[PDB]
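> Here you go, one structure.
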Amino acid sequence: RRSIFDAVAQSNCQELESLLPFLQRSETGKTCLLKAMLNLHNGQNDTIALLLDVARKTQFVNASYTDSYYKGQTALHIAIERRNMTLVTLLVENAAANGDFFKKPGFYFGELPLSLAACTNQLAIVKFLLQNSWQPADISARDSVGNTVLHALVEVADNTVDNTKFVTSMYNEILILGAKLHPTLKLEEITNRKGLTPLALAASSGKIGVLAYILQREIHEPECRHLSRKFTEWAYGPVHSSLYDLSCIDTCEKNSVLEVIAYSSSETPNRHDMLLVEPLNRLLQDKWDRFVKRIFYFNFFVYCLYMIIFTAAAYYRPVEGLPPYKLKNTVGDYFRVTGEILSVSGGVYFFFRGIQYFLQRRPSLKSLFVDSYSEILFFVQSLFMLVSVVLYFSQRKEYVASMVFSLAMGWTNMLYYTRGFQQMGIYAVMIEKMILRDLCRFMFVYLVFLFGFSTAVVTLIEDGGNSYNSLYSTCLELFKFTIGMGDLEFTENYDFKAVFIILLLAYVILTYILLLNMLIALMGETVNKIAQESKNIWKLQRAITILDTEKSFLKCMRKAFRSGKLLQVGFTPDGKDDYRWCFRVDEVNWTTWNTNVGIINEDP
Amino acid sequence: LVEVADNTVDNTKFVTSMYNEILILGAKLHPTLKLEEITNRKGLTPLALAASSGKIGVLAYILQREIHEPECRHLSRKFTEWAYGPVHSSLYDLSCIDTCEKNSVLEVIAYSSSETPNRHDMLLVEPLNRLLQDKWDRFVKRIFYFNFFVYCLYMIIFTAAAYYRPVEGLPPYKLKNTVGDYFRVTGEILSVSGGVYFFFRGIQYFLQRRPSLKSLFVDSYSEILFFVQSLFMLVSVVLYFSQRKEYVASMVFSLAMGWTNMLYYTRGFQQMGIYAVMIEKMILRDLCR
Amino acid sequence: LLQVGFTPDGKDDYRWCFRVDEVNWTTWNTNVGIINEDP
Ligand SMILES: C=C(C)[C@]12C[C@@H](C)[C@@]34O[C@](Cc5ccccc5)(O[C@@H]1[C@@H]3C=C(COC(=O)Cc1ccc(O)c(OC)c1)C[C@]1(O)C(=O)C(C)=C[C@@H]41)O2
Ligand SMILES: C=C(C)[C@]12C[C@@H](C)[C@@]34O[C@](Cc5ccccc5)(O[C@@H]1[C@@H]3C=C(COC(=O)Cc1ccc(O)c(OC)c1)C[C@]1(O)C(=O)C(C)=C[C@@H]41)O2
């Protein structure tokens, strides 16, 4: 064994030739062929052919490494990786890499020779394997996870421009070849174990390039034209109207692309930019303009009424006695009690809606305050209302201490409804983001400074006065300096006036002049950085609003409000009458001058 | 060759190319001799000299250089452990980047007196940033957080003991059998011990580094502030045991400084470390004018 | 501590290395000198 391995590594067949007659007369698992293939330089491994001939003259071709790390690897995989067309053909003429190296430091390409060839830019080897006379590869085969070659191609994509160009081109080539070989089979419809298709997988994983390619792709070849999603309804001059498939973009049995993009947990790289693709933005705008805007405005109006009733009923709360408060025959009492009942009902409604959302989505802690700010705020207001009810019926007077907070939250939650308008939706987005990010840092630093100087000042004071020798009072008096209401001499119970005035001046210069102006500068810089990002965040928020409204209204009319019209785009390869729910859009282009064919309809 | 380099793009290309050529020829003629190991009178090697003088181009060339020629391959620092497809894992030498007998590159870059042109950008080279992040994640983060926690405890004890200072009489204040007096005296002892500790640490730093006056407030802001707080504490002690009531006039200042020194510990976090950096720089530059 | 090759006179060039991975689509595998046979 050692001598054979040494001869194979040395690329010398003299020792192997001498030992062959002797053999005839007489943890890893690597075979002689695998070792020869691995230890090959510039195709200098010549012992492979002799070893294969000897093995045939004496099952060895399929020998594979048995190690869990490299389980399943064979000579064909090594040849394919090495980019040896001749060696690959020779090995094929005369499996799945399940090893941990090839599972989801490692490289994932699927677990089939066809997938490995497809993911590596060896198109010729893909073609040869697909139409190899000795043995053709199975285009529809799936690995352990269930990914096909198309799933593997989607997984490989990393949004790099060259990588995107590759993955899209190879996807198109494999699609066309698969259609040519097996017209009946629908390759894209296949799903992996998780249940996602290549399009759904691309939308879920954030691969914007693959999604953009798939959504709007046209194959002009008459041989394979049904493998397209964007057609051309007609064209007269520089004007032409086209269609988009919208097959599983609007409503799909498993999961549509819109809801996969919108309901992503923000771990997806670029959810915000994934809705700018050609069909999706226009589809969302169509849904907004058609039937969602009126429902949104009605919801806003009803919330306004609820808040007005809540404010009126809380303003006129009974003040004399202890809760609960017995009813009175006066009409005012009846109206007040009606207001309280309506407020409590609204609180319960929001409580249940928040619980429903948190169960359905199961957000993680990190993304809880980054993707569900509005839901958290509404749920917290409902929680305050319910605590207020519990205290009120427990003969406690602290219920008001809860109620007011809820009431305050109520009004400040009206900003949620500013997402129906672009220019105010962006303003609310910036308010949210600044509150989340900047104020935490600013307040940590501010409180460090304030507490340090308040402790120093109250230590200096001796109260011997107005009992200013209190930490709370000194903290409040030093905080007043920040809001332009600070008295420089608010006490005289100190033995040393110079120390007191020096401390106050230092605090004023360090916080009022330095920290606050620095915060102004940082807010200005942040406004510039996120001028465009806020627009994308607002668009995502409105898209989620549209999806929620449509899902809620599905009960009233599940399929009545469907986007796009059913149209015939051509004939199927086997039958005819290729009917699909298309979404027409027009376009005008002076430069190119009408040079194309395939206009579905004769007359514009 | 290192001395000649002036960080110009053409100059850098020259100096690196000639360095490589001379290295290869020297290896061919005299394989046994290790040319780079030689040092000048000051004791620096070409790599250490490049790191010290701020020559970022020469440092970047030296740190990550591979000579594929089989004749002279050991004259390389960045290898290639393996490669399967578009994925490959490589290695870096780290010979005298982490620990060196004379002076490692990391400590030469970090402990430079800011006269070096571009200390700040010299840590972005391929091995150094990842090496520092590895050290942070592995064993330094926990010690930093423990130090922050202990400083928080010290500051809380100091604040509590200074808040309840005796007000009637003249120092020193005789002890009382009450438990509150025992706790207060324990707080004072702990505060004084912390002040002495920071005093000695500041003296140690200033002796080891010997900063110049110009760079004193540009490279050792935190050290100066901690030393000044310790100085205030010691002056407070001296006045307190001299039967003077002005010790409080010192103590409070120290106390104030104490809390505002917590910002030193915001460098364990990027987004607040940058904020503290800007506070420092603005205080130094803009407010004077 | 890892072995990176053989010294010009002796052998077993051992040094304290710091491994890092890299991924690159564009260039397509064209080099030699991989220290280890198997990834
Ligand atoms: C859950 C969180 C973060 C939060 C809950 C409450 C207590 C809140 O204080 C904060 C912390 C705070 C405290 C003081 C000033 C700023 C922030 O911020 C919000 C939270 C911050 C707001 C600011 O107003 C808004 O953000 C409205 C709003 C903006 C964007 C939205 O998409 C939105 O949809 C619901 C609502 C107002 C309060 O909710 C309010 O009215 C009360 C009494 C305190 C504010 O805690
Ligand atoms: C050595 C110097 C420059 C200094 C020492 C003290 C007296 C200081 O005033 C200054 C001058 C001054 C006075 C008033 C306003 C701004 C600046 O600035 C600092 C110095 C300025 C600060 C500002 O807070 C900080 O800078 C905290 C800090 C930031 C960055 C750090 O890396 C850091 O590490 C220790 C600490 C607070 C004081 O130290 C403080 O608490 C007291 C009572 C006065 C401030 O002199």
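We count from 1, first residue shown onward.
The deposited model was determined using electron microscopy, 3.0 Å.
Quick reminder: no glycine exception, Cβ is built from N, Cα and C everywhere.
Features from Swiss-Prot:
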- B:45-68: repeat 'ANK 6' (REPEAT)
- B:103-125: repeat 'ANK 7' (REPEAT)
- B:143-163: transmembrane segment (TRANSMEM)
- B:182-207: transmembrane segment (TRANSMEM)
- B:208-220: topological domain 'Cytoplasmic' (TOPO_DOM)
- B:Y221, B:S222, B:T260, B:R267: resiniferatoxin binding site (BINDING)
- B:221-241: transmembrane segment (TRANSMEM)
- B:246-266: transmembrane segment (TRANSMEM)
- B:267-281: topological domain 'Cytoplasmic' (TOPO_DOM)
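What's the neighbourhood like for each of these?
Distant neighbours of the repeat 'ANK 6' (B:45-68): 1-3, 5, 7, 12, 15-16, 19-20, 24, 36-39, 75-80, 92, 96-97, 100, 102-103, 105, 108-109, 112, 116-119, 121-122, 125-128; these residues of the same chain sit at least 6 beyond its ends, with a Cβ under 8 Å from one of its Cβ atoms.
Same-chain neighbours of the repeat 'ANK 7' (B:103-125): 7, 43-44, 47-48, 51-54, 56, 59-60, 63-64, 96-97, 131-132, 209, 211-212, 215, 218-219, counting only residues six or more beyond its ends whose CB sits under 8 Å from a CB of the stretch.
Away from its own ends, the topological domain 'Cytoplasmic' (B:208-220) comes close to residues 111, 113-115, 284 of its chain (Cβ-Cβ under 8 Å, at least six residues beyond either end).
For the recorded site, B:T260 (resiniferatoxin binding site), the DSSP three-state label reads helix.
When the topological domain 'Cytoplasmic' (B:267-281) is classified with DSSP, helix, strand and coil residues number 14 helix, 0 strand, 1 coil.
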> Counting only residues 6 or more past its boundaries, what in the same chain has a CB within less than 8 Å of a CB in the transmembrane segment (B:246-266)?
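Non-local partners: 144, 147-148, 151-152, 155, 158-159, 162, 165, 171, 195, 222, 225-226, 228-229, 232-233, 235-237, 239-240, 272-273, 275-276, 279.
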> Where else in the chain does the topological domain 'Cytoplasmic' (B:267-281) make close Cβ contacts, counting only residues six or more beyond its ends and a cut-off under 8 Å?
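Sequence-remote neighbours of the topological domain 'Cytoplasmic' (B:267-281) are 141, 144-145, 148, 221.
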> Mind telling me which of the binding-site residues B:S222, B:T260 has the densest Cβ neighbourhood, counting other Cβ atoms within 10 Å?
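Counting Cβ neighbours within 10 Å, the top one is B:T260.
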> Which of the binding-site residues B:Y221, B:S222, B:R267 have a Cβ lying under 8 Å from any Cβ of chain A?
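From B:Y221, B:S222, B:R267, flagged as close to A: nothing.
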> Cβ-Cβ under 8 Å from B:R267 (resiniferatoxin binding site), same chain, 6 or more residues apart: which ones?
B:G273, B:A276
> Would you count the other CB atoms within 10 A of the CB of B:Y221 (resiniferatoxin binding site), including those on all shown protein chains?
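Cβ-Cβ neighbours of B:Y221 (resiniferatoxin binding site) within 10 Å number 16.
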> What are the helix, strand and coil residue counts for the repeat 'ANK 7' (B:103-125) according to DSSP?
10 helix, 0 strand, 13 coil
